[PDB]
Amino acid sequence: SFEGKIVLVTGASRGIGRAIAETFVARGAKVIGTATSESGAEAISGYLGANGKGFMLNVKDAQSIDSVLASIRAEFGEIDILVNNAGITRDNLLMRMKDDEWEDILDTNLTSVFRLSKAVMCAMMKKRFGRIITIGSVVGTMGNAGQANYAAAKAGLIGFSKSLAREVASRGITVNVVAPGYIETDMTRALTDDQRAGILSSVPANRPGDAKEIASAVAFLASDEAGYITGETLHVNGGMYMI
């Protein structure tokens, strides 16, 4: 149960993000989800109801971050659990990878983790409790052709998390990463059956993952039953990669 916990979930409009926010709502938390557009911000508030609210936040603008967090501080309070789920893919083979594509991935998926962790953990330290969970990817451990930018960012937040964990572990704050595998989004249900079966051939579980299965893992690491788990990567990929 998360009765009393203030939970921030970046990128919460759909898929993993929404399933994460929906899980915390059902377990008694005050859940704050973000989208990149005001329409998404208001769409989050609709399905969050009275238990939470949606905000428009861009993880690449420090001004947008100071505003939303202050807005969160006024109408809700200090964040107890931060779930970094802002993240995009800008696929290309390296010889075709443009600069802005590399820079966009590092600012959206890696620098975002540094900036939001810096802003929430001052309160987690004085309250001697905190949870910082970032959604990485199996690509960060396994690598993948055409996603050198993506894998660099997803692996970078692991080293970041391990370093931050060592800094704050003695103050009741744990910093962890959930690494999803093949999860069924709407873009999953939109590729050809030839494509679908191709990825499944490398999944021993012989099925795509479900967004709530990532939410279950995020929920566990955030629960108070995981105070001794810090600097860890929890892989949820159905056996696609085994570490």
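Position 1 is the first residue in the sequence shown; the rest follow in order.
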Taking the mean of the C-alpha B-factors per stretch from the entry, tell me the winner out of 114-122 and 139-147. 114-122
On average, are the C-alpha B-factors higher in 156-164 or in 123-131? 123-131
From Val68, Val175, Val178, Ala205, the top C-alpha temperature factor is at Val68
C-alpha B factor of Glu103, ranked within the chain: lowest, middle or highest third? middle
Which third of the chain does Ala74 land in by C-alpha B-factor: lowest, middle or highest? highest
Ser45: CA B-factor among chain residues, third -> highest
Looking at the entry's B-factor column for C-alpha atoms only, identify whether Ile88 ranks in the lowest, middle or highest third of its chain. middle
Which third, lowest, middle or highest, does the C-alpha temperature factor of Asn51 belong to within its own chain? highest
